[PDB]
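Next up: the same protein chain in two forms, each one alone, written as structure tokens (structure 1, then structure 2).
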Structure 1
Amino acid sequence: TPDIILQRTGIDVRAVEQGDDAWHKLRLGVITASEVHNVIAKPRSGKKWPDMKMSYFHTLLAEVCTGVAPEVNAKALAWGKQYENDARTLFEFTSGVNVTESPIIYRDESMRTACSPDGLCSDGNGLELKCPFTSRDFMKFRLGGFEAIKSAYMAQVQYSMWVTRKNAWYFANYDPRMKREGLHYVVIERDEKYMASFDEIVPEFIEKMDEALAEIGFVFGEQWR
């Protein structure tokens, strides 16, 4: 749905690459899969937004009013740029599917929610594929599998399926350092409980955002000129 994006931000999605400066521009103020865990965080009791929730909320609003986002995990990111291709190939070789690239996908025209898949699979699944920074974390995944994977990571996988209207996702790891056994993955199925969470909470988050922008005099989208 390029025309929309284009009309909206003057950017041509096709030309984009994970890391592209545009890539980044397109994510500004947007609720993404990597960060949604924060949005759904709940107080043990009470209705009060947890801290990690207020904090994400505050981060998002600033992206809107400043038009920038600070950089994080430089070396981690770099590690990943470094090995993604090898990881991809192998994964394929091994999983038996062909993977193809996916720009960035928004849920709808509002452009308030999105995900950036690591790939789109021949069998119809999306792909999340990490090159953990510490071999310690690969071990953790490799041995514990599913129940090893973190909540923050489960929310991520689920939110991608919510945005793309998909039913299953691969969650894989790669570590070029392992003498053998360097690639591990699993398949995750869409879970309606998560679905229902998003449907309920995400829209509520968006409305508060707008209220706040209004209080201080901005409007969602200014970040895109």
Structure 2
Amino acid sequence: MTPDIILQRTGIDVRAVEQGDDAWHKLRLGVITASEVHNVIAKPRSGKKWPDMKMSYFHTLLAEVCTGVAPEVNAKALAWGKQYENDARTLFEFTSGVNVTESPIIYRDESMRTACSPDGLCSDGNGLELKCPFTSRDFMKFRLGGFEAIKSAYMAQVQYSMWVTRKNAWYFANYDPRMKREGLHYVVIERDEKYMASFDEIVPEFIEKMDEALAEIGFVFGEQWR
């Protein structure tokens, strides 16, 4: 992939692009993304029937293709996370010793069906996921518990990010500015071939299914960028 290939499908320049602005939203339209991918790999307790959270993501992506828009949502917990991310990144740079370059949005392949937006690409070749828990409660949970208390939606997000970029290891940092001390904590998460295999199987199935459903109602993927 190039910045250039992204101009031919969407007519947006990917370098003039801030993570959170109009252009960034448009580029994700109907694309399977790392923070949402947990809904794709979600399985029922029994049977072969899509759980509801996976059907809702299905139907949310289809609506993004056919409406060309994405609803704007707002909440303190969300505005908090957006407010502190920079400092999280700066503190994580200081402590870990690695340099972070910011990445806008990375697509896995030429179909632009799948993407992630890393919180950064480190100088040692790991990517970076930053969380600034709105609740000190959840930062505390991560601080004491480490790798093992990372929710599965977050594990799905990090692994899928490795699947997309082809990388082998990922930083997972939490930052809480209200902590008097010990307000940054992080781990390194190695690429998990069991997740990788699971995305090679499920993600192409989700895609073919979205393509089935759009045809039925007379839309095509890419229509959101036309």
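Here the rigid core means the biggest group of C-alpha atoms that line up within 1.5 Å when the two forms are laid on top of each other. Structure 1 provides the reference sequence; residues are numbered from 1 along it. Only residues modelled in both forms are compared.
Structures 1 and 2, same chain in two forms; the form solved in complex with the DNA is found in structure 2. After superposition on the rigid core, displacement of the C-alpha of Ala76 between structure 1 and structure 2 amounts to 2 Å or more. The Cα position of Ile104 changes by 0.6 Å between structure 1 and structure 2 once both are aligned on the rigid core. Note on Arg88: its Cα is shifted 1.2 Å between structure 1 and structure 2, core used for superposition.
Listed alone, the shifted run between structure 1 and structure 2 is 71 to 78, counting only residues present in both forms whose C-alphas move 2 Å or more over at least three consecutive positions once the core is aligned.
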